[PDB]
Amino acid sequence: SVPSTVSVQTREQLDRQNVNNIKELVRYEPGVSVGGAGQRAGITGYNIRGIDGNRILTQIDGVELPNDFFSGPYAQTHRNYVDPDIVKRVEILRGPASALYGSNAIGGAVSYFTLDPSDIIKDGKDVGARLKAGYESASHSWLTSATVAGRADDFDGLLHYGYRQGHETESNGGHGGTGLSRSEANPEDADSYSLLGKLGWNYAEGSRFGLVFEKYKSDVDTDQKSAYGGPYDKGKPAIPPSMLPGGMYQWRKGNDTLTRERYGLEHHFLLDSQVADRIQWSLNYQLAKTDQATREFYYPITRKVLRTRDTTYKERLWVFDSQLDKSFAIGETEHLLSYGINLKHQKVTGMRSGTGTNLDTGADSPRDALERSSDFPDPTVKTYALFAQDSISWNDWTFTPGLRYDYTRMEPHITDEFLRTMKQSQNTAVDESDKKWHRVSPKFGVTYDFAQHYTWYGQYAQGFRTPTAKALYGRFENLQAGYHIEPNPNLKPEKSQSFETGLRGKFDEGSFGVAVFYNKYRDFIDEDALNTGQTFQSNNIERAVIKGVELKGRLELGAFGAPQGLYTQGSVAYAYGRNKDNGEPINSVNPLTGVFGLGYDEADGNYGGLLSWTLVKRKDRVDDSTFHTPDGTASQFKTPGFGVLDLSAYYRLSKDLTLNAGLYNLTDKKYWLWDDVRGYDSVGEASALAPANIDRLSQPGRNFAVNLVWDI
Amino acid sequence: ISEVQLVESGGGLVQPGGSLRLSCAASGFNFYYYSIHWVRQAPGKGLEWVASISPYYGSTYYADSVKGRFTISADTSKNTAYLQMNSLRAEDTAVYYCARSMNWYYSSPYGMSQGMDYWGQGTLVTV
Amino acid sequence: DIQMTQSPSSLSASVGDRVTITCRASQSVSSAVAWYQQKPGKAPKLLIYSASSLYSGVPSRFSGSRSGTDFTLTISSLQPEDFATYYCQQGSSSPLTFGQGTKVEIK
Ligand SMILES: CCCCCCCCCCCCCC(=O)O[C@@H](CCCCCCCCCCC)CC(=O)O[C@H]1[C@@H](NC(=O)C[C@@H](CCCCCCCCCCC)OC(=O)CCCCCCCCCCC)[C@@H](OC[C@H]2O[C@@H](OP(=O)(O)O)[C@@H](NC(=O)C[C@H](O)CCCCCCCCCCC)[C@@H](OC(=O)C[C@H](O)CCCCCCCCCCC)[C@H]2O)O[C@H](CO[C@]2(C(=O)O)C[C@@H](O)[C@H](O)[C@H]([C@H](O)CO)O2)[C@H]1OP(=O)(O)O
Ligand code: HEM
């Protein structure tokens, strides 16, 4: 009924598919990819219809997740702050379709909704429990989670605790060792825990005031054996081992720590007024940060030193959200109006530092040390949003006009750490005034039902994302390698237009869905782009187009003659991106992907299973200038086509105990995902400092995942 | 402790207007990622930078006083730098030094490497 | 293009004295200024690089400083082996420019 493409996965579906990270969440979503395989920083984030990075609005309970951050080989943070084990559902929206979400959802939005006491407490009972134990063979990871919810008088409470402990996600390369000859995944030790607490008061009918507490800590100790013996030059060591045995990077060990703490208040109630029938608001405070610690034996020919690096990227967020719902009728049309405000107060800090100690004498090495440096002047970003949306029903038509006004103000704060960055480079030109942006983003959706089975829809939406502080103020000079990074204080915000139309058909014997989209991007921000020694500067791509077609379908085979419960389904996604400034393709566009399934479900749901077949085309349209091959050699690697088989099954051992099992990569095929390959080396610095054997970025071989869920 | 050893050769009495080739053999680490510089000192005068070669980028640089007449090249297989001097004048007589820059491609930018830390003994060219 | 004016051209100095050699640039330049010591009949030896950093093995008597377009080389306690000619060199990458040179003699 919604005039847009949105995919929802419930808590039960996540348990069925053994979803332990967002990479496994998008396994069978053909138009969404998650990268980061083989990278030190780990899982990067979502790629929706060729759009990834900070242009995807990732939020949990309305609170936006931190953006990416790259500041060299020892400073790289991704967007992996959410544990999928604490959500009741996840919604993937494509494009800035909704006015209720922020306009910075250029490529789409991924929304997480945490578990509520209602979905834990059984019907007819006042207390509930949920114990889960799971194992994943791909990363040798164990999961243990426990959730308890209760309902006493007019108060409801929920307490969730989960703990993960595992290792690195294995690749399908069969050679270990060190250097570029290592095709196995770098060893890792990953520990994670997540704490969720809710306490609500149901003081009236349709009214609830609640408290939310949330903590999440992820600790990964990595051994970058693939980087031993570096640096490398076009796939070969820069310094021959005959003269420097072991290279300049004798060994490199690291630790990445992710943290998210969130405290929130939410309130909704029913009102008898002419302005609204239902009002909800929430106030949240979130502290999310990433800590990268690097240790290495550094041997720059003349001296042996222990070189350490520390990087912290932190975001403190205050967000107030509101939404007032009013229902009324004007003549033959029924109206459903939703309006409100959204206030954001964001502080972003980034710090880099390092030390150097001589391994022969024990003395300090100032040449190998780094003082505390800030890449941006600790900005304070205030966002004010006003939105209104009306759902108008007239006969079989449904019109959804929308408006969202966004106001963004950024306040720089010059500190001594940032002044040091202005000293490292010879660029001391910084503007201490405030930068302001504002825009009205219209949105329109139309739905029409006909022939008792079909639905036509059209969607028009606009997106708006303001520049970040790193692009506006980041500066760095490398006289040794002959390049520098210039800030772009005149960078313009992104403007996008989304056009989408489609046809849906619902039957008792199955359903289908066809979608065609056309997205135009104006002033597409290309951070750290190489101009034309060398200059890296964030610039605006004036025009960019991404278009494609998505196909969905499901057939109930029992109606055509088959055992009841047997079904088949398919999902095919195609995209086409072009940079209209230079005519080059957009490398973030995934190849033609299709997922086909043959599944069975028992009549009472006691057991069932699904056989999945994923077919992906070979990548063809590649921009050679902006694509850096992971191995660094002259030849550029394009991912081939492949087909893989996966089998999921589920059995109810008891009325409370359910066993979910899944076998992946049945034929044990060595294959690559394009998003992992094209995203490994974003700027080209990794080709020399942390290269990847092409087999180390391959997907895991034959593996299984099993979990046991006890709903007491 | 001693990364490279630089030795110059090819210097001597060339009659004015003639040609002469100077070679700079390096013993030790290869200077493919470094910069090799030629510096000459006329008798009783100061140091004057004349040319430079960066093998990694393939870039060559020259002073105005020697532009067009001098050619600088490198081998990177013999670890030897060459300075082809043509149309020599009486003002070109000096002691030509071969020097290697401290800064190189993979040096840490926080190390602040700058200048030439290794020099040859020099060869006398008399025009 | 850029010029480095080094003053003085000669310093009469006594063992134990503190001497200062100043090098002034003709334009706006970065900190890429190096200092060299040359004795007669010998190749130049690098002492200070990046206008402040002491090269490994060079005695701590030598020191570098910067003030705008003026660069300073200082010897806190002159010693008998420090009587030579000193040159300031400007530039991180080519082209490079050397100073006129300052000869330090015995007072
Ligand atoms: C209105 C319209 C809506 C409909 C939708 C329209 C849009 C369509 C969307 C499409 C998405 C795009 C996909 C695509 O583009 O790629 C593919 C097309 C095939 C599909 C055609 C379309 C059908 C779609 C409808 C299906 C609905 C059910 C082609 C491809 O990508 O080939 C690559 C690849 N190729 C592959 O990786 C492998 C196969 C897939 C694996 C088979 C899985 C079995 C499916 C059962 C699933 C049912 C459950 C739902 O790729 C194929 O092409 C299979 C052919 C399928 C035919 C489709 C029609 C079937 C009829 C159904 C129609 C309705 C690989 O080829 C690998 C080959 O090597 C083997 O693997 P290896 O060991 O060597 O590693 C074999 N693979 C295997 O042996 C795997 C298994 O051991 C066999 C299967 C056993 C399971 C038994 C079934 C289980 C029970 C099922 C129950 C029902 C071979 O390949 C084979 O041997 C495969 C077999 O011969 C079987 C195939 C027929 C299956 C058809 C289903 C019928 C159902 C009944 C079955 C009982 C063979 O390829 O290397 C090549 C690359 O070559 C190099 C290179 O660099 O250039 C050199 C190479 O030499 C070297 O090795 C190197 C490396 O590979 C690097 O990867 O790569 C690749 O080619 P590339 O594109 O050029 O890059
Ligand atoms: C093709 C692109 C690039 C190449 C080849 C490159 C190369 C290098 C090299 C060789 C080093 C020294 C590493 C060491 O000594 O261990 C380095 C360091 C560094 N680079 Fe780059 N670089 C590139 C782009 C960038 C960009 C785009 C940025 C920032 C936006 C950046 C930021 C840094 C920083 C901060 C360091 C310091 C590392 C430290 O703390 O020691 N580089 N780079």
# chains A, B, ... in the order shown; residues from 1 in each chain; ligands from 1
>>> residues_near_ligand(ligand="ligand 1", cutoff="8 Å", atoms="only C-alpha atoms and all ligand atoms", output="CSV table (one decimal) with N, CA, C and O atoms, in the first residue's frame")
chain,number,residue,atom,x,y,z
A,551,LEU,N,12.7,-6.5,-9.6
A,551,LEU,CA,11.6,-7.4,-9.8
A,551,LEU,C,11.5,-8.3,-8.6
A,551,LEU,O,12.5,-8.8,-8.0
A,568,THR,N,7.8,-20.9,-4.0
A,568,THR,CA,8.9,-20.5,-4.7
A,568,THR,C,8.9,-18.9,-4.8
A,568,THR,O,7.8,-18.4,-4.9
A,570,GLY,N,11.4,-15.2,-5.9
A,570,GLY,CA,12.5,-14.6,-6.6
A,570,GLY,C,12.6,-13.1,-6.4
A,570,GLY,O,11.6,-12.5,-6.1
A,571,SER,N,13.8,-12.6,-6.5
A,571,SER,CA,14.1,-11.2,-6.4
A,571,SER,C,15.3,-10.8,-7.2
A,571,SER,O,16.4,-11.3,-7.0
A,572,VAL,N,15.1,-9.9,-8.2
A,572,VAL,CA,16.1,-9.5,-9.1
A,572,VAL,C,16.2,-8.0,-9.1
A,572,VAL,O,15.2,-7.3,-9.1
A,592,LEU,N,24.2,-7.1,-11.7
A,592,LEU,CA,22.9,-7.7,-11.7
A,592,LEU,C,22.8,-8.9,-10.8
A,592,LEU,O,23.6,-9.8,-11.0
A,593,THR,N,22.0,-8.8,-9.8
A,593,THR,CA,21.9,-9.8,-8.7
A,593,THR,C,20.5,-10.4,-8.7
A,593,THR,O,19.5,-9.6,-8.8
A,594,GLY,N,20.4,-11.7,-8.6
A,594,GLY,CA,19.1,-12.4,-8.4
A,594,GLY,C,19.1,-13.5,-7.4
A,594,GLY,O,20.1,-14.3,-7.4
A,595,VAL,N,18.2,-13.5,-6.5
A,595,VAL,CA,18.0,-14.5,-5.5
A,595,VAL,C,16.7,-15.2,-5.7
A,595,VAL,O,15.7,-14.6,-5.7
A,596,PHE,N,16.8,-16.6,-5.8
A,596,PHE,CA,15.7,-17.4,-6.1
A,596,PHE,C,15.6,-18.5,-5.0
A,596,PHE,O,16.6,-19.0,-4.6
A,597,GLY,N,14.4,-18.8,-4.5
A,597,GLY,CA,14.2,-19.7,-3.4
A,597,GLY,C,13.2,-20.7,-3.6
A,597,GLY,O,12.2,-20.5,-4.3
A,598,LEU,N,13.4,-21.9,-3.0
A,598,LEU,CA,12.4,-22.9,-3.0
A,598,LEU,C,12.2,-23.3,-1.5
A,598,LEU,O,13.1,-23.9,-0.9
A,611,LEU,N,15.5,-23.3,0.4
A,611,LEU,CA,16.7,-23.4,-0.4
A,611,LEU,C,16.9,-22.2,-1.3
A,611,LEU,O,16.0,-21.8,-2.1
A,612,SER,N,18.0,-21.5,-1.1
A,612,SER,CA,18.3,-20.2,-1.8
A,612,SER,C,19.3,-20.4,-2.8
A,612,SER,O,20.3,-21.1,-2.7
A,613,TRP,N,19.1,-19.7,-4.0
A,613,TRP,CA,20.0,-19.7,-5.1
A,613,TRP,C,20.3,-18.2,-5.5
A,613,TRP,O,19.4,-17.5,-5.9
A,614,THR,N,21.6,-17.8,-5.3
A,614,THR,CA,22.0,-16.4,-5.6
A,614,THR,C,22.8,-16.4,-6.9
A,614,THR,O,23.8,-17.1,-6.9
A,615,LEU,N,22.3,-15.6,-7.8
A,615,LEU,CA,23.0,-15.5,-9.1
A,615,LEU,C,23.4,-14.0,-9.3
A,615,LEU,O,22.6,-13.1,-9.2
A,616,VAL,N,24.7,-13.8,-9.5
A,616,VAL,CA,25.2,-12.4,-9.7
A,616,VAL,C,26.0,-12.4,-11.0
A,616,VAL,O,26.8,-13.3,-11.3
A,617,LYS,N,25.9,-11.3,-11.8
A,617,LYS,CA,26.5,-11.1,-13.0
A,617,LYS,C,28.0,-10.6,-12.8
A,617,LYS,O,28.3,-10.0,-11.7
A,618,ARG,N,28.8,-10.8,-13.8
A,618,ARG,CA,30.2,-10.2,-13.7
A,618,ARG,C,30.1,-8.7,-13.8
A,618,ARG,O,29.3,-8.1,-14.6
A,619,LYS,N,30.9,-8.0,-13.0
A,619,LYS,CA,31.0,-6.5,-13.1
A,619,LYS,C,31.6,-6.1,-14.4
A,619,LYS,O,32.7,-6.5,-14.8
A,639,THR,N,35.1,-8.5,-10.5
A,639,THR,CA,34.5,-9.7,-9.9
A,639,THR,C,33.8,-10.5,-11.0
A,639,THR,O,33.0,-10.0,-11.8
A,640,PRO,N,34.0,-11.8,-11.1
A,640,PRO,CA,33.3,-12.7,-12.0
A,640,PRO,C,31.8,-12.9,-11.6
A,640,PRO,O,31.4,-12.6,-10.5
A,641,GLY,N,31.1,-13.6,-12.5
A,641,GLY,CA,29.8,-14.1,-12.1
A,641,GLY,C,29.9,-15.4,-11.4
A,641,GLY,O,30.8,-16.1,-11.5
A,642,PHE,N,28.8,-15.6,-10.6
A,642,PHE,CA,28.8,-16.8,-9.8
A,642,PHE,C,27.4,-17.2,-9.4
A,642,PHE,O,26.5,-16.5,-9.6
A,643,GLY,N,27.3,-18.5,-8.9
A,643,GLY,CA,26.0,-19.0,-8.4
A,643,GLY,C,26.3,-19.8,-7.2
A,643,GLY,O,27.1,-20.8,-7.2
A,644,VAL,N,25.6,-19.5,-6.1
A,644,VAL,CA,25.8,-20.2,-4.8
A,644,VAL,C,24.5,-20.7,-4.3
A,644,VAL,O,23.4,-20.2,-4.6
A,645,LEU,N,24.5,-21.8,-3.5
A,645,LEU,CA,23.3,-22.4,-2.9
A,645,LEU,C,23.5,-22.4,-1.4
A,645,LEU,O,24.5,-22.5,-0.9
A,667,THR,N,28.2,-25.7,-2.4
A,667,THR,CA,29.2,-26.2,-3.3
A,667,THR,C,30.6,-25.7,-3.0
A,667,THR,O,31.5,-26.2,-3.7
A,668,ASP,N,30.8,-24.9,-2.0
A,668,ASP,CA,32.1,-24.5,-1.6
A,668,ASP,C,32.8,-23.8,-2.7
A,668,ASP,O,34.0,-24.1,-3.1
A,669,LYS,N,32.2,-22.8,-3.3
A,669,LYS,CA,32.7,-22.0,-4.4
A,669,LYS,C,33.4,-20.8,-3.9
A,669,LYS,O,33.0,-20.1,-2.9
A,670,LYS,N,34.6,-20.5,-4.6
A,670,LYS,CA,35.3,-19.3,-4.3
A,670,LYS,C,34.8,-18.1,-5.2
A,670,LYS,O,34.8,-18.2,-6.4
A,671,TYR,N,34.2,-17.1,-4.5
A,671,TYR,CA,33.6,-16.0,-5.2
A,671,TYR,C,33.7,-14.7,-4.4
A,671,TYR,O,34.0,-14.8,-3.2
A,672,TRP,N,33.5,-13.6,-5.1
A,672,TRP,CA,33.7,-12.3,-4.5
A,672,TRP,C,32.4,-11.5,-4.7
A,672,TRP,O,31.7,-11.6,-5.7
>>> residues_around(residues="residue 39 of chain B", least_positions_apart="3", cutoff="9 Å", atoms="only C-alpha atoms", output="list in words")
residues 47, 48, 49, 50, 51, 95, 96, 97, 98 and 99 of chain B
>>> interface_residues(of="chain C", to="chain A", cutoff="9 Å", atoms="only C-alpha atoms", output="list in words")
residues 30, 31, 92 and 93 of chain C
>>> write_last_selection(atoms="C-alpha atoms", output="PDB file, in the first residue's frame")
ATOM      1  CA  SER C  30      57.775  26.860   4.453  1.00  0.00           C
ATOM      2  CA  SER C  31      60.079  25.373   7.100  1.00  0.00           C
ATOM      3  CA  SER C  92      61.806  20.319   0.218  1.00  0.00           C
ATOM      4  CA  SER C  93      61.635  19.398  -3.480  1.00  0.00           C
TER       5      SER C  93
END
>>> residues_near_ligand(ligand="ligand 2", cutoff="6 Å", atoms="only C-alpha atoms and all ligand atoms", output="PyMOL selection string")
(chain A and resi 71-74+528+683-685) or (chain B and resi 106-108)
>>> atom_distance(atom1="atom CA of residue 58 of chain A", atom2="atom CA of residue 169 of chain A")
23.5 Å
>>> interface_residues(of="chain B", to="chain A", cutoff="7 Å", atoms="only C-alpha atoms", output="list in words")
residues 1, 103, 104, 105, 106, 107, 108, 109, 110 and 111 of chain B
>>> closest_atom_pairs(of="chain C", to="chain B", cutoff="7 Å", atoms="only C-alpha atoms", output="tab-separated table")
residue	atom	partner	partner_atom	distance
C:32	CA	B:114	CA	6.4
C:34	CA	B:115	CA	5.7
C:42	CA	B:121	CA	6.9
C:43	CA	B:121	CA	5.8
C:46	CA	B:117	CA	5.7
C:49	CA	B:114	CA	5.6
C:50	CA	B:114	CA	5.8
C:92	CA	B:114	CA	5.7
C:94	CA	B:61	CA	6.4
C:95	CA	B:61	CA	6.5
C:96	CA	B:49	CA	6.1
C:97	CA	B:49	CA	6.4
C:98	CA	B:48	CA	6.2
C:100	CA	B:46	CA	6.0
C:101	CA	B:46	CA	6.3
>>> write_last_selection(atoms="N, CA, C and O atoms", output="mmCIF file, in the first residue's frame")
data_model
loop_
_atom_site.group_PDB
_atom_site.id
_atom_site.type_symbol
_atom_site.label_atom_id
_atom_site.label_comp_id
_atom_site.auth_asym_id
_atom_site.auth_seq_id
_atom_site.Cartn_x
_atom_site.Cartn_y
_atom_site.Cartn_z
ATOM 1 N N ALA C 32 61.087 24.225 5.180
ATOM 2 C CA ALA C 32 62.059 23.360 4.524
ATOM 3 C C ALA C 32 63.383 24.079 4.304
ATOM 4 O O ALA C 32 63.746 24.388 3.165
ATOM 5 N N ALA C 34 67.529 23.763 5.355
ATOM 6 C CA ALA C 34 68.571 22.899 5.886
ATOM 7 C C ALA C 34 69.866 23.683 6.043
ATOM 8 O O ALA C 34 70.100 24.672 5.343
ATOM 9 N N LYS C 42 86.520 19.104 1.372
ATOM 10 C CA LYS C 42 85.638 18.035 1.813
ATOM 11 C C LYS C 42 84.211 18.330 1.374
ATOM 12 O O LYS C 42 83.854 19.469 1.067
ATOM 13 N N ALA C 43 83.395 17.279 1.343
ATOM 14 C CA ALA C 43 81.996 17.405 0.971
ATOM 15 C C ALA C 43 81.187 18.032 2.106
ATOM 16 O O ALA C 43 81.554 17.914 3.279
ATOM 17 N N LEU C 46 75.451 17.630 6.519
ATOM 18 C CA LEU C 46 74.174 18.167 6.973
ATOM 19 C C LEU C 46 74.122 18.212 8.495
ATOM 20 O O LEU C 46 74.458 17.232 9.165
ATOM 21 N N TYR C 49 68.039 20.061 9.644
ATOM 22 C CA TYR C 49 67.077 19.928 8.562
ATOM 23 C C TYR C 49 65.696 20.323 9.066
ATOM 24 O O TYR C 49 65.394 20.198 10.255
ATOM 25 N N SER C 50 64.869 20.820 8.145
ATOM 26 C CA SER C 50 63.542 21.360 8.441
ATOM 27 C C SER C 50 63.601 22.540 9.407
ATOM 28 O O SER C 50 62.620 22.825 10.103
ATOM 29 N N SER C 92 62.069 21.731 -0.034
ATOM 30 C CA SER C 92 61.806 20.319 0.218
ATOM 31 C C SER C 92 61.937 19.488 -1.050
ATOM 32 O O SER C 92 62.445 18.363 -1.005
ATOM 33 N N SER C 94 62.685 19.871 -5.600
ATOM 34 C CA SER C 94 63.398 20.686 -6.567
ATOM 35 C C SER C 94 62.474 21.751 -7.159
ATOM 36 O O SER C 94 61.267 21.533 -7.292
ATOM 37 N N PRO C 95 63.019 22.920 -7.529
ATOM 38 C CA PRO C 95 64.433 23.331 -7.462
ATOM 39 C C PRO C 95 64.901 23.699 -6.056
ATOM 40 O O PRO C 95 64.102 24.023 -5.183
ATOM 41 N N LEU C 96 66.211 23.653 -5.825
ATOM 42 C CA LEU C 96 66.811 23.957 -4.535
ATOM 43 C C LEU C 96 67.683 25.199 -4.652
ATOM 44 O O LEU C 96 68.214 25.504 -5.724
ATOM 45 N N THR C 97 67.825 25.918 -3.541
ATOM 46 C CA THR C 97 68.620 27.138 -3.495
ATOM 47 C C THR C 97 69.524 27.113 -2.272
ATOM 48 O O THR C 97 69.058 26.850 -1.159
ATOM 49 N N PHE C 98 70.807 27.392 -2.479
ATOM 50 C CA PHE C 98 71.784 27.479 -1.406
ATOM 51 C C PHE C 98 72.066 28.936 -1.063
ATOM 52 O O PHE C 98 71.896 29.834 -1.890
ATOM 53 N N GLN C 100 74.654 32.117 0.304
ATOM 54 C CA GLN C 100 75.964 32.594 -0.128
ATOM 55 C C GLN C 100 77.085 31.908 0.641
ATOM 56 O O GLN C 100 78.149 31.626 0.078
ATOM 57 N N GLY C 101 76.871 31.636 1.917
ATOM 58 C CA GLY C 101 77.853 30.954 2.738
ATOM 59 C C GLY C 101 78.474 31.895 3.753
ATOM 60 O O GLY C 101 78.742 33.068 3.465
#
>>> select_by_dssp(residues="segment 397-607 of chain A", states="strand (DSSP E)", output="ChimeraX atom specification")
/A:397-411,435-450,454-465,476-478,483-486,494-507,510-530,534-556,566-579,584-585,593-601,607
>>> select_by_dssp(residues="segment 8-200 of chain A", states="alpha helix (DSSP H)", output="NGL selection string")
:A and (11-16 or 22-25 or 117-120)
>>> write_last_selection(atoms="C-alpha atoms", output="compact mmCIF listing (two decimals), in the first residue's frame")
# COMPACT_ATOMS: atom_id res chain seq x y z
CA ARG A 11 12.74 -10.56 14.99
CA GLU A 12 11.62 -14.08 14.07
CA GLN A 13 12.95 -13.76 10.52
CA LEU A 14 16.34 -12.66 11.86
CA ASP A 15 16.43 -15.76 14.08
CA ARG A 16 15.44 -17.97 11.14
CA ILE A 22 24.38 -6.55 9.01
CA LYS A 23 26.30 -8.42 6.30
CA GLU A 24 24.08 -11.45 6.92
CA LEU A 25 21.00 -9.22 7.15
CA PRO A 117 8.01 -5.68 26.47
CA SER A 118 4.92 -6.51 24.39
CA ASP A 119 6.81 -8.78 21.98
CA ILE A 120 8.53 -10.66 24.84
>>> atom_distance(atom1="atom CA of residue 394 of chain A", atom2="atom CA of residue 2 of chain A")
15.2 Å
>>> residues_around(residues="segment 139-144 of chain A", least_positions_apart="4", cutoff="7 Å", atoms="only C-alpha atoms", output="ChimeraX atom specification")
/A:132-135,162-170
>>> residues_around(residues="residue 62 of chain C", least_positions_apart="6", cutoff="12 Å", atoms="only C-alpha atoms", output="ChimeraX atom specification")
/C:18-21,35-37,46-49,51-56,72-79,82,86
>>> residues_around(residues="residue 665 of chain A", least_positions_apart="5", cutoff="9 Å", atoms="only C-alpha atoms", output="ChimeraX atom specification")
/A:644-647,700-704
>>> residues_around(residues="segment 81-91 of chain B", least_positions_apart="3", cutoff="10 Å", atoms="only C-alpha atoms", output="PyMOL selection string")
chain B and resi 6+8-10+14-26+31+36-38+42+51-53+55+65-66+68-76+78+94+96+98+126-127
>>> write_last_selection(atoms="C-alpha atoms", output="PDB file, in the first residue's frame")
ATOM      1  CA  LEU B   6      78.132   7.855  -3.377  1.00  0.00           C
ATOM      2  CA  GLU B   8      81.402  10.471  -8.613  1.00  0.00           C
ATOM      3  CA  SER B   9      83.402   9.808 -11.764  1.00  0.00           C
ATOM      4  CA  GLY B  10      83.797  11.252 -15.271  1.00  0.00           C
ATOM      5  CA  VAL B  14      87.184  19.219 -21.571  1.00  0.00           C
ATOM      6  CA  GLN B  15      87.989  21.989 -24.099  1.00  0.00           C
ATOM      7  CA  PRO B  16      85.278  24.761 -24.139  1.00  0.00           C
ATOM      8  CA  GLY B  17      82.097  23.957 -26.088  1.00  0.00           C
ATOM      9  CA  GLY B  18      82.553  20.203 -25.656  1.00  0.00           C
ATOM     10  CA  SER B  19      80.674  17.477 -23.823  1.00  0.00           C
ATOM     11  CA  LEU B  20      81.267  15.414 -20.695  1.00  0.00           C
ATOM     12  CA  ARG B  21      79.321  12.686 -18.889  1.00  0.00           C
ATOM     13  CA  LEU B  22      79.376  12.402 -15.094  1.00  0.00           C
ATOM     14  CA  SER B  23      78.340   9.206 -13.312  1.00  0.00           C
ATOM     15  CA  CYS B  24      77.303   8.786  -9.667  1.00  0.00           C
ATOM     16  CA  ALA B  25      77.603   5.168  -8.516  1.00  0.00           C
ATOM     17  CA  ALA B  26      75.680   4.422  -5.315  1.00  0.00           C
ATOM     18  CA  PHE B  31      67.526   5.525  -4.643  1.00  0.00           C
ATOM     19  CA  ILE B  36      69.502  12.472  -6.548  1.00  0.00           C
ATOM     20  CA  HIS B  37      70.900  15.999  -6.788  1.00  0.00           C
ATOM     21  CA  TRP B  38      73.948  17.457  -8.508  1.00  0.00           C
ATOM     22  CA  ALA B  42      83.324  26.780  -8.382  1.00  0.00           C
ATOM     23  CA  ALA B  51      70.042  19.440 -11.439  1.00  0.00           C
ATOM     24  CA  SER B  52      67.954  16.731  -9.798  1.00  0.00           C
ATOM     25  CA  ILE B  53      66.364  13.419 -10.794  1.00  0.00           C
ATOM     26  CA  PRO B  55      63.362   8.046 -10.519  1.00  0.00           C
ATOM     27  CA  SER B  65      72.125  28.505 -15.779  1.00  0.00           C
ATOM     28  CA  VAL B  66      72.267  24.901 -17.058  1.00  0.00           C
ATOM     29  CA  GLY B  68      68.819  22.961 -22.022  1.00  0.00           C
ATOM     30  CA  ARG B  69      72.552  22.197 -21.955  1.00  0.00           C
ATOM     31  CA  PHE B  70      72.641  19.590 -19.163  1.00  0.00           C
ATOM     32  CA  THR B  71      70.749  16.289 -19.115  1.00  0.00           C
ATOM     33  CA  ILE B  72      70.220  14.194 -15.978  1.00  0.00           C
ATOM     34  CA  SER B  73      69.313  10.505 -16.034  1.00  0.00           C
ATOM     35  CA  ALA B  74      69.286   7.452 -13.791  1.00  0.00           C
ATOM     36  CA  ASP B  75      69.623   3.706 -14.330  1.00  0.00           C
ATOM     37  CA  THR B  76      68.034   2.188 -11.174  1.00  0.00           C
ATOM     38  CA  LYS B  78      73.131  -0.225 -11.618  1.00  0.00           C
ATOM     39  CA  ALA B  94      83.724  23.474 -10.599  1.00  0.00           C
ATOM     40  CA  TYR B  96      80.461  18.576  -9.005  1.00  0.00           C
ATOM     41  CA  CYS B  98      76.334  13.989  -6.106  1.00  0.00           C
ATOM     42  CA  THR B 126      87.883  21.840 -15.856  1.00  0.00           C
ATOM     43  CA  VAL B 127      86.663  23.581 -19.002  1.00  0.00           C
TER      44      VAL B 127
END
